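Given next, in C-alpha cells, is a single chain: the form deposited in one PDB entry.
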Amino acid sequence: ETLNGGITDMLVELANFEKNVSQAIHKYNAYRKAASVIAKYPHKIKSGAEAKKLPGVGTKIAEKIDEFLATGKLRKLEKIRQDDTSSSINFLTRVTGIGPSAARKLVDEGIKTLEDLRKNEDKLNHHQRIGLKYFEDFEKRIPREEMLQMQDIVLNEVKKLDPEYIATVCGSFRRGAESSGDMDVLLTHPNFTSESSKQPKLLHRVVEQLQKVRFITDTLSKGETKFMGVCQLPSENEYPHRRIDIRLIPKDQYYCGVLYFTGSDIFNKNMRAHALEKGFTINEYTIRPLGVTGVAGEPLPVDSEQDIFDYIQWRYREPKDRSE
C-alpha cells in the first residue's frame, strides 16, 4: 500500500551508506530526516519538485528523488554492492591498539572477527594483545563509586613514597560524569619543574609502586612523562580491568596540565583553536603569545585555570561544563 514506501526505502538505504562508507553524518542526518518527513506526508509523492516543497528535503534530495523516479535505478546507489570490508574494519578498530591502518591490514589478511583475532594473536603487537586480552573489560564504563576507590588507592600510595607528590584525577571524572571511560591522573612534584625537564624517575617510581601492589597490572607504555596501562580493583572471590593513564606535569606548569587533562577533548579543541584566533597558542604546558612572524613568544605566567581563560577572552567554565 504505503505511497512513498518505495522512496523512503531508498532514502534510508542511502543514509546508511553515507553513515558507514563515510563519516558524512551531516549527509546521513538529512537523509533520514527527510525520509522521515516524506514519510509522514499523506499524499503520493509524484514529482521530486513537489518533494522540495516539504521541509527537510531540498535540491540535492529532490534530485536523488528524480533519478529514482524515472528509473528505480540510482547508479550511485547501485555502486553500493562494494560492501563488507567497511563493516568489519571498524569493528576491529574497537580494539584498543587497532587503528584504521592496522585494521585494514588485518582485514586484508582475512582477520576480521573477534574470534579471528584471538586466533591470530601472533600478528598483534603488544598493545593490541592487551586490548585484545581484556576486550570485554575495556567496553565497560567505570562507575563513579569505583573511581572513587581508585582515587583513593592512588592517592594514598602516592603519599607513601613522598607526600610532596601531587596527584590529580582529571578527564571525565573531574568533569563530574557518573561513569568514566578510564582513569586519568595528573601527577606532580615540586622537585620537578620547568627547569630540569628530567627526572623520568618520579613517574617511574610511582608506577612501580602501584605496580608492586597489584594495581597496575599491565603496561602499555612508559615514557619519562606519560604512562598508560591496565589496572584493577581488588576483592574476595572479580573487578574488571581498567584503563589507566598517568601523566607527569612539571609542578610549575600544573594549570596547563590540569586544563588539558580535564578535557573534554572537544573542549580543548575549541579552546586551543581559539587561542589562536586571539594570537596565543596553548599546550599542556603553557600559553605563550604567539608571535607576528608565527613563532612562540615567552610563556605567560599562569596561577590558575581562570587566567588561561582570561587570556583568550573567555568566560571561565567549570569542569562540569567543559563538555565542549
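Position 1 is the first residue in the sequence shown; the rest follow in order.
- Coordinates are absent for 1 to 3 residues of the deposited sequence placed between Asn237 and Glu238.
- Mean CA B-factor, 243-251 versus 100-108: the higher value falls on 100-108.
- In this entry, the higher average B-factor at the C-alpha atoms falls on 198-206, of the pair 198-206 and 150-158.
- Across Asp182, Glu178, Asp122, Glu139, the entry's maximum B-factor at the CA atom is seen for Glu178.
- For the set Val95, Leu117, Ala167, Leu233, the PDB entry puts the maximum C-alpha B factor at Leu233.
- Among all modelled residues in its chain, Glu63 ranks in the middle third by Cα B-factor.
- Among all modelled residues in its chain, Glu18 ranks in the highest third by Cα B-factor.
- Placement of the Cα temperature factor of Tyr41 within the chain: highest third of the modelled residues, per the deposited record.
- When the modelled residues of the chain are ordered by their C-alpha B factor, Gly171 lands in the lowest third.
- Per-chain ranking of the deposited C-alpha B factor places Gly48 in the highest third.
Another form exists, deposited in another entry; not displayed. Remarks below refer to it.
- The rigid parts compared between this form and the one not shown meet at a hinge, and of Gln82, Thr293, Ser196, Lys44 the residue found there is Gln82.
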